[PDB]
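Notes follow the structure.
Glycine also receives a Cβ, built like all others from the backbone with ideal geometry; neighbour counts cover every protein chain displayed. What follows is calculated from the coordinates using simple rules that are stated; it is not laboratory data.
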Amino acid sequence: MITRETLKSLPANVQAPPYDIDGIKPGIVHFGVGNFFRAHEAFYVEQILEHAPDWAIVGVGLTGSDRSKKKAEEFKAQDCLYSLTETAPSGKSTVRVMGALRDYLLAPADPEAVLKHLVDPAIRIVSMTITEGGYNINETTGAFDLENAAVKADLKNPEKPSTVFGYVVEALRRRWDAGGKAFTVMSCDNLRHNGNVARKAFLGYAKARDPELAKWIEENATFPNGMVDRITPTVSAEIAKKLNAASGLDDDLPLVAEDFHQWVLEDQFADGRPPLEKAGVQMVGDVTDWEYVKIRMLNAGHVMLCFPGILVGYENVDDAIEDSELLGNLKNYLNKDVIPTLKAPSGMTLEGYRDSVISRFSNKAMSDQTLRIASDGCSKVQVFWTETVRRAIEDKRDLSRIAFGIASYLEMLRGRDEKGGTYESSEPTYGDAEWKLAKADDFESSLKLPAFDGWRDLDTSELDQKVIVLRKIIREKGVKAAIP
C-alpha cells in the first residue's frame, strides 16, 4: 500500500509513529534532508515527540535542480512520511513509518517561505547535514571563504539569500531586530568538533554582513558539538525495491540503516531543546572524549582489520571479521593496546564499545569493501593510530600488535593478496616519491612514508625494527604467520 497520512493502516509488521501526527508542531528547521538525517536526527526526535510534541521538523533543500523538485514532490505526496528499515547483525530487520518531518521546502522555490519558519519563535533549533564541503571553509586558509560566488551574492542581497549561511544569519538578524531570541545551530555532519566548524562558517558570514550582528550571534546563539554515528547507505532503485518488497509498502523514499545508533551531544542550547536523553541521546559537557573513543577504537579497528584482511584476500569487511585470526588480532589490539591508553567517558564501558565495534563489522547488510576502508590509508593511520602508538612508546608498553598493524599496512601497499589477486589501493596524498618507497622490495624504505609522521619525534627504534621483522614474516609466510 502507498504511504499517506490517511493510509496509516500499515501491515502488522510495520510500526507507525508513536504519537498523534496531528498534534505535533514544528520546533526544528533542518537544512539538507538526506538519508543520514532521516535515519538519525529524525529518528531520535521521533522517539520524544510523544513527550514534547512541539519539536516537529521542517526540512529545507538548498538546491532547486530538476531532481530536487521531484524529490520535494515525492515527499509532499506522502505527507512527508517515509519508511525506515533497521537491520541488525543477526540479519533481522524491523520497519517503521516516520512522522517527525512535517514539511519539506525547496528554498529556491520561495526564499521568504524558509525565512518565515526560521523567524518563528517556536523554531528553537536549526540543524543541518550539508557535508564538510557545505561549510565553505577554504582548505588552504582554513577560513570561511568570502570569495565564494553564492556567498558574495548573498552579501549583496542578504534579505533574499540562497546559501545556508545567508538564510541562518538573516533569520538571526530579523529575530534580533524584532525582539526575538537566538536559536541553536546544531550541526549533525560527521566532522570533528562539528559545532566549532559551524560556528566558524556562520560567524564568518555574519562578520562580513555586520560586526554588530556577529557579536550578537556569538553571544546569544549556540553551536554545540556532537558526535554522530549510524551507517545509512545510499539507496538505489534496486535497493528501494527490496525494502518495499520486504515491508509491503509502496514507498517512494524508503531507506535502511543498521540497528546500531549513537548521538553524543554537548548540552549548549540557546532556547531550549527536546528531552533527547529519553531517546538515548548522550548529553555531555565536552564531546572530545567520545570523539576519540570512536576514532581510536571504531576507526582504528576498521583499518586494523582491513589492512591485513586485504592481504588475505577478503573483499568485504564482513568476510574479514569472520576470519578467526583477524578477529582475534582485532580484539587483542583493542583490549591490550587501545583500551588501556584510552580515557573512558562516563555511563559506558570501553569493553561494551569494543563489543559493538565487532558486532557492527559483522552486519552483512552494511558490509563495505576492504579496499574502500583502506583508501587514503595514510591519513587514516595518522588520525586513527597515532595516539595509541605514542602512548605505547611513551609508556614503554608491548609494541607487537602495533608493529603488526604497521607492517600489514606497508605490505598491503605492495598491491597483491595471498590468493594471487592484484589490486591498487588509493592514497591521494602520495606522489611518485611515496609510491616508490611503498613498492620497494626491501623492508625499510616505506618506514619513511608520511603515514607514520605522527610519532616520528619519539624514539621509534624498537618499533621500526619489530615492523621490519614482521614485514619479513608476512612476505615469506603470509600475514597470519606474523600475528602476535
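Some notes on this structure:
- Here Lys76 is the anchor, and the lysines within straight C-alpha reach of less than 26 Å, apart from those fewer than 8 places off in the same chain, are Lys8, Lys25, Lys116, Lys160, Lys241, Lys242.
- Signed unit charges on C-beta, dipole axis of region 2-285, positive-most listed residue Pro17, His40, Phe202: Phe202
- One chain, two ends: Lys160 and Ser362. Fully extended at 0.36 nm per residue, the span grows by 67.9 nm beyond their Cα-Cα distance.
- When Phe31, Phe443 are sorted by how many other C-beta atoms sit within 10 angstrom of their C-beta, beginning with the fewest, the order is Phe443, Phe31.
- Per principal axis, descending, Cα span of region 286-484 in whole Å: 49, 41, 30
- With respect to the chain, whose longest principal axis is taken over its alpha-carbon atoms, helix 300-312 is tilted by about 50°.
- Ranking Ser162, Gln369, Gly405 by Cα position along the charge dipole of the chain, where only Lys, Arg, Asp and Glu carry charges on their C-beta atoms, puts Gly405 farthest toward the positive end.
- When only Cα pairs below 8 angstrom with a gap of at least 6 residues are kept, region 286-484 shows a relative contact order of 28 percent.
- At the listed q of 0.06, 0.08, 0.13 Å⁻¹, the Debye profile of the chain, built from one uniform point per Cα, gives log10 I(q)/I(0) equal to -0.32, -0.56, -1.24.
- Computed over region 242-376, the range of Cα coordinates on each principal axis works out to 54, 49, 26 Å, biggest value leading.
- Each of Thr429, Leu449, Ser359 was scored by the projection of its Cα onto the charge dipole of region 286-484, and the greatest displacement toward the positive side belongs to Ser359; charges sit on the C-beta of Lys, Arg, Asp and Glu.
- If you count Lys pairs in region 383-476 whose Cα atoms are under 25 Å apart, skipping same-chain pairs closer than 8 places in sequence, the total is 14.
- When the inverse distances between all different Cα atoms of region 1-49 are averaged and flipped, the Kirkwood radius reads 12.7 angstrom.
- Measuring between their Cα centroids, region 235-291 and region 62-83 lie 20 Å from each other.
- Centre separation in Å (Cα based) which lies between region 337-388 and region 173-228: 31
- Between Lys472 and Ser90, the C-beta separation translates, for a Förster distance of 51 Å, into a calculated FRET efficiency of about 0.80.
- Normalising the average separation of contacting C-alpha pairs (under 8 angstrom, six or more residues apart) by the number of residues puts the relative contact order of region 2-285 at 23 percent.
- When the alpha carbon gyration tensor of region 118-267 is reduced to an equivalent ellipsoid, the three semi-axes, largest first, read 33, 17, 17 Å.
- What you get for region 286-484, charging only the Cβ of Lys and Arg (+1) and of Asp and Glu (-1), is a dipole of about 300 debye around the Cα centre.
- Additional length obtainable on full extension of the chain from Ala237 to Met283, 0.36 nm per residue less Cα span: 12.8 nm
- Cβ-Cβ distance of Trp435 and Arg456, R₀ of 22 Å, FRET efficiency by 1/(1 + (r/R0)^6): the value works out to about 0.65.
- Think of it as helices only: each DSSP H run of n ≥ 4 in the chain is worth -39500 (n - 2.57), and spread over all residues that comes to -12000 deg cm²/dmol at 222 nm.
- Here the chain is assigned +1 on the Cβ of each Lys and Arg and -1 on the Cβ of each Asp and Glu. Its dipole about the Cα centre then comes out at about 120 debye.
- Summed over all non-identical Cα pairs, the Kirkwood treatment of region 2-285 gives a radius of 19.4 Å.
- Relative contact order %, the chain, counting alpha carbon pairs below 8 Å whose residues are six or more apart: 14
- The magnitude of the dipole of region 2-285, with charges of +1 and -1 set on the Cβ of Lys/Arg and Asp/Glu and taken from the Cα centre, is near 200 debye.
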